[PDB]
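Those sequence lines, one after another, are chains A, B, C and D.
Mind the numbering: the first sequence is residues 226 to 406, 408 to 423 in the entry's author numbering, read in order.
Mind the numbering: the second sequence is residues 226 to 406, 408 to 423 in the entry's author numbering, read in order.
Mind the numbering: the third sequence is residues 226 to 406, 408 to 423 in the entry's author numbering, read in order.
Mind the numbering: the fourth sequence is residues 226 to 406, 408 to 423 in the entry's author numbering, read in order.
Number of protein chains: 4
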Amino acid sequence: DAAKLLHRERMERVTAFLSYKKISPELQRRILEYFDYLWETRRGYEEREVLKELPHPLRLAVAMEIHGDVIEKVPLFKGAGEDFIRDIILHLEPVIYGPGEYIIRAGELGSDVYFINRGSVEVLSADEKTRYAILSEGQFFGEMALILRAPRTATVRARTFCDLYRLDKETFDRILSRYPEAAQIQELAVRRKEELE
Amino acid sequence: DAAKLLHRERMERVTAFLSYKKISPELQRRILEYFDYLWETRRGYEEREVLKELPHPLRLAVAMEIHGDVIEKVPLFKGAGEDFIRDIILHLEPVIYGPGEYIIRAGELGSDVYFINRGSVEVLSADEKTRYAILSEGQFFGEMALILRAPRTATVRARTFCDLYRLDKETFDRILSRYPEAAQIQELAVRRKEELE
Amino acid sequence: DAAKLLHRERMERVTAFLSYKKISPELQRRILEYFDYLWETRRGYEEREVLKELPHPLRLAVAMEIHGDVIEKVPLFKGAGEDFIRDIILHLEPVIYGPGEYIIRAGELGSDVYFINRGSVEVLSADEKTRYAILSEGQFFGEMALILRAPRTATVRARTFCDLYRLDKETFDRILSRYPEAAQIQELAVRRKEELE
Amino acid sequence: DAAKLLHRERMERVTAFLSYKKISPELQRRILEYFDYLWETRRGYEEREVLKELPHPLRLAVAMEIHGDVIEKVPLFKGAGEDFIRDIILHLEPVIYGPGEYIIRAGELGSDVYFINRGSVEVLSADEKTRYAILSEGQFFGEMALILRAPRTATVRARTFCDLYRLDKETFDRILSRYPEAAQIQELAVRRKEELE
Ligand SMILES: Nc1ncnc2c1ncn2[C@@H]1O[C@@H]2COP(=O)(O)O[C@H]2[C@H]1O
Ligand SMILES: Nc1ncnc2c1ncn2[C@@H]1O[C@@H]2COP(=O)(O)O[C@H]2[C@H]1O
Ligand SMILES: Nc1ncnc2c1ncn2[C@@H]1O[C@@H]2COP(=O)(O)O[C@H]2[C@H]1O
Ligand SMILES: Nc1ncnc2c1ncn2[C@@H]1O[C@@H]2COP(=O)(O)O[C@H]2[C@H]1O
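Written out as structure tokens, the structure reads:
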């Protein structure tokens, strides 16, 4: 288990540096709990570095197996066929957020869409006084900024540690075009736009 | 033979990770047979990394010797002279496909052209019910999308393990311009377009 | 303290090379004093490399703590709120200059703005006969080239070793737009433009 | 002298690979003599890697000292002042050619200009039947393609091992603009254009 050692090693570097920079213990704690969640959910492997010298059609086969969980637990990504999956599975970037961390701020102009695989997030207004929803596994958000061609309509914060998949606006728009049910999503963006005014 | 050890080492990393990600044995097997074909055809060397700090005119001399096999076994790349070779030999990127793997899908908009050095590939239709050809060493494909200014006219799958050379659309168009026999290829793209309708 | 060893190691490489290239002792001395200031002010850590695999919202939290000193000692960056900080704190690049080194030359077309955290700099004319100011901790310069849409109005040299933060023109213009007090700065650029003619 | 060992090490990798790829002994020999010239002229240091983490104004001071030889031995780069040097010294990229190697081919569209620091080169016509000149230390070539806004007017081959400095077209055009004597060069491009027809 030099992995576990390497893991605890490749964080004391950060830890030593941050101790030297005299950061607060609250922040320091957030760093540690991240690295713990990082270890327990990924076991020291780095999907990028380990799969880099793989040919594209193998990178594609691995992705459909190891990142299939997202695709099976999104209840409108069935009847979609393996062609739709094919164009999307390599453009799902896994990102990790911690509890309290902002993923989207309302007014922003991003168009990236996030698919939740683990954890739960808050959908809030600008003043953060209103909680429009709680989204979790098999759900997604950040889809409205493109369908409605509008800025981000709401703020999204993490409640827990979240395993998310980020989809770039470019891949997103290409999907809607080439794969119209792109309208059950649009029929979801609307009902959210409705319950927002 | 730390090379052979390094080789078997720089794959157990992938193997351990994929075992942990709980991939299927069929996929796992495809990974292993790739790395075996990779070892036997390349012996652990990485042409990119080993030749990187070489000056351009040496990179050019090595390429004509070690990637000459392609150029000698393509029976319309003779009478082409060493000037035509010169502008093409560094833009032939070696890629590896496995049996069953799609290289080109019909309808796609790529313009990259592939030259076969080893193995054999299938030329299929969209429904894959029709097999227009079997191409192997000294043959090439993906040339029609540019000459005809059309999308990919057919699907190309590997039958075996294939050593291919990818040529970018940019280098391809520049070649046709500056080196017209660019027409025996065009007279090949036509006869294929004919036997396709 | 292999750090201190590594540090003294990762400079003898430069030192050996420069000794071999037969550089002057004055220059050689400037190299050594830089590496000393580099060690004493940073203790061998490399903020880029150590924080690279951190998620964005953590990179953001660390930055506000460890690069907060700049933001607290700039007496017009209060009442600015944590939203203004948020969009700026990751676009402050720390750079080091040595005594005598030119940071800005008049006539140049850069728009980057520099915020001083440590040390002192000279504001000079083209002929360098005139010293318009001495700027130090909590002050900044290079702001006039954008507000006035003019080339650099003056030459800026370091008097001492300076810890500066560079802000790109792109982030700078975005700040002025979205955060108008952008006018107490403009009311500072003017009074400098006045006392310059 | 692990340097000399590292040097002989970081070439047997190339040597082993090329032996395995079954290259010709003539080519193999050209590789060895390059690496020898590389060792004797650079002693295993890599100016890029060794100076990378240096601040710009130090990279600038070192360059004027270690790459000053070029600037002092070009007899029309005096009376040029340290401002002209300043904008050029970091845009001189050192490249190495071997005897027989083409640096420029006539008809080509490059605009890069080469300054000779060591060795000698041939200026030839397309048919290579004519030798317009022999250029060596303190001389330069490739300047006519930009001044005359024409393609390369002649072929340039190395006679010996040459230490050259490459200047990009972008830096070149900027120099001519901001530093007109840009005309003693133009008065050199003309006399060459004359003695060429
Ligand atoms: N009523 C709602 N219920 C659930 N999610 C919502 C609601 N309103 C907005 N959102 C999500 O909040 C997101 C903020 O960014 P977008 O506008 O790109 O996309 C928005 C939706 O994904
Ligand atoms: N009848 C055919 N015989 C052989 N190869 C073919 C035939 N039809 C199409 N192809 C190849 O299939 C390729 C699919 O992509 P392209 O259109 O770029 O180029 C096409 C040809 O190279
Ligand atoms: N009178 C002055 N007092 C202080 N700083 C000055 C004065 N004049 C010019 N400067 C600084 O010199 C800088 C040179 O570059 P800029 O024009 O971008 O911005 C200018 C100001 O920051
Ligand atoms: N008569 C000549 N004497 C010396 N150098 C020459 C002569 N003719 C051409 N050259 C060099 O050959 C070069 C080929 O490329 P360029 O046109 O950019 O610039 C040209 C000159 O530098």
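Quick reminder that beta carbons are idealized off the backbone N, C-alpha and C, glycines included.
Check: Under the three-state DSSP convention, the category C:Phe242 falls into; Outcome: helix
Check: Heavy atom of ligand 1 within 7 Å of A:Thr378 beta-carbon; Outcome: yes
Check: Reduced DSSP secondary structure (H/G/I, E/B, other) of C:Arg254; Outcome: helix
Check: A:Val338 Cβ short of 7 Å to ligand 5 heavy atom set; Outcome: Ligand 5 is absent from the structure shown, which contains only ligand 1, ligand 2, ligand 3 and ligand 4.
Check: Those runs of the beta strand (DSSP E) which lie wholly inside the region 294–359 of chain B and span at least 3 residues; Outcome: 317–322, 327–329, 338–343 and 345–349
Check: Listed by chain order, chain C residues near A:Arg311 by CB distance under 8 Å; Outcome: By Cβ distance, chain C contributes nothing, its closest Cβ being about 28 Å from A:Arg311, past 8 Å.
Check: Contacts around B:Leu373, its chain only, beta-carbon distance under 7 Å, and the 5 residues preceding and following it disregarded; Outcome: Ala415 and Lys419
Check: Candidates A:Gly304, A:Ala351, A:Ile291 and A:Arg255: closest to A:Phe386 by CA position; Outcome: A:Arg255
Check: Member of A:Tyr404, A:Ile329 and A:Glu353 whose CA lies at the smallest distance from the CA of A:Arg391; Outcome: A:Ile329
Check: Proximal residues of chain D, C-beta to C-beta of C:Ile321 below 8 Å; Outcome: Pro280
Check: Per-residue DSSP class, three states only, for C:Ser249; Outcome: coil
Check: Residue interval of the alpha helix (DSSP H) (run including A:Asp226); Outcome: Per DSSP, A:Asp226 belongs to no alpha helix (DSSP H) and is neither H nor E.
Check: Boundaries of the alpha helix (DSSP H) in which C:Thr396 is found, first to last residue; Outcome: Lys394 to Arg403
Check: One or two residues paired with B:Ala383 in a DSSP bridge; Outcome: B:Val346
Check: Exposure of C:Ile341, with buried meaning 16 or more beta-carbon neighbours within 10 Å; Outcome: buried
Check: Nearest candidate by alpha-carbon position, reference A:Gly332, set A:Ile296, A:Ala228 and A:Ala351; Outcome: A:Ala351
Check: N- and C-terminal bounds of the alpha helix (DSSP H) containing C:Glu406; Outcome: That residue, C:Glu406, is in no alpha helix (DSSP H); it is neither H nor E in DSSP.
Check: Rounded straight-line distance, which links the Cα of C:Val348 to that of C:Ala379; Outcome: 7 Å
Check: Inter-residue spacing [alpha-carbon to alpha-carbon] between D:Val320 and D:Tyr259; Outcome: 12 Å
Check: DSSP state of A:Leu276 mapped onto helix, strand, coil; Outcome: helix
Check: Cβ contact (3+ pairs, closer than 8 Å) linking the region 289–304 of chain A and the region 241–251 of chain B; Outcome: yes
Check: B:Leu422 burial status per 10 Å Cβ neighbour count (16 or more: buried); Outcome: exposed
Check: Ligand 2 heavy atom lying under 7 Å from the CB of B:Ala408; Outcome: no
Check: For B:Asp261: DSSP bridge partner residues; Outcome: Note: B:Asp261 sits in no beta bridge, so no partner.
Check: A:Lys277 to D:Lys229 span [Cα, whole Å]; Outcome: 33 Å
Check: CA-to-CA distance, A:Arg399 to C:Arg267, given in whole angstroms; Outcome: 46 Å
Check: Beta carbon proximity, C:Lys277 to chain D, threshold 8 Å; Outcome: no
Check: A:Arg268 in three-state terms, based on DSSP; Outcome: coil
Check: Opposing strand residues paired with B:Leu389 [DSSP bridges]; Outcome: B:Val320 and B:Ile341
Check: Proximity test, Cβ basis, 8 Å: B:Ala286 and chain D; Outcome: yes
Check: Of the residues D:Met236, D:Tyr270, D:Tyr339 and D:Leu231, the one placed nearest D:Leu389, counting alpha carbons only; Outcome: D:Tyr339
Check: Cutoff 8 Å: A:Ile400 Cβ touching any chain B Cβ; Outcome: no
Check: Distance, D:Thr240 Cα to D:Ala227 Cα; Outcome: 19 Å
Check: Member of A:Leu401, A:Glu406 and A:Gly363 whose CA lies at the smallest distance from the CA of A:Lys298; Outcome: A:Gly363
Check: Residue-chain proximity (B:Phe366, chain A), Cβ-Cβ < 8 Å; Outcome: no
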